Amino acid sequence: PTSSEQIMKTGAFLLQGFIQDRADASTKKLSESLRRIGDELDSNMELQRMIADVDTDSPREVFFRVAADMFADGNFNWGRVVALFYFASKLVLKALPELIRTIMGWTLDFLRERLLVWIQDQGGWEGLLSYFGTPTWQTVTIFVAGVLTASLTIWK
């Protein structure tokens, strides 16, 4: 649950499950709530414009500095993790097989290197269900879009 092994395994499934959309009961609830936020984010034309306004050449550079920017204050919140996974899945489209593995690899690297301890401090990925368990949880979209927009600006 809070073990790093499980957190990486679960993160891998949630990301794989996520990317396969743009292309037990508690974890299904996460998959589906991420999906819904993804669907709404995909309707934000300002956000999709910015994600198109970024050089797909050298994906490793843009992925990692975007991810580092969202987390440059040394703090954590689930909206930033949602933004990261969403941006990774958009990079898969912006360049497309092995691309999927590579970007998942970069993302998994960032999670292990930077997010692991925070997610442990949340009780694991169960924390993300807490983040989703509110009234009007769908307005979390506005927040995740904001986090993504600020991070593409510096790049842009």
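Numbering starts at 1 and follows the sequence shown.
*Asks:* Note how many residues of the deposited chain are left out of the model between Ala23 and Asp24; the options are none, 1 to 3, 4 to 9, and 10 or more.
*Replies:* Gap size class: 10 or more residues without coordinates, per the record.
*Asks:* Unmodelled deposited residues between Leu96 and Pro97: none, 1 to 3, 4 to 9, or 10 or more?
*Replies:* Missing in between: 4 to 9 residues.
*Asks:* So which stretch wins on mean C-alpha B-factor, 131 to 139 or 8 to 16?
*Replies:* Averaging CA B-factors over each stretch, the winner is 131 to 139.
*Asks:* Could you check the entry and say whether 104 to 112 or 63 to 71 has the higher mean CA B-factor?
*Replies:* Here the higher of the two C-alpha B-factor means belongs to 63 to 71.
*Asks:* Which is it among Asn44, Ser89, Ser58, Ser33: the one with the largest CA B-factor in the entry?
*Replies:* So the option with the highest C-alpha B-factor is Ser58.
*Asks:* Looking at the temperature factor on the CA atom of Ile119, which third of the chain's modelled residues does it land in?
*Replies:* Ranked within chain, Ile119 CA B lands in the middle tercile.
*Asks:* Could you say whether, by C-alpha temperature factor, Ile37 belongs to the lowest, middle or highest third of its chain?
*Replies:* Lowest third.
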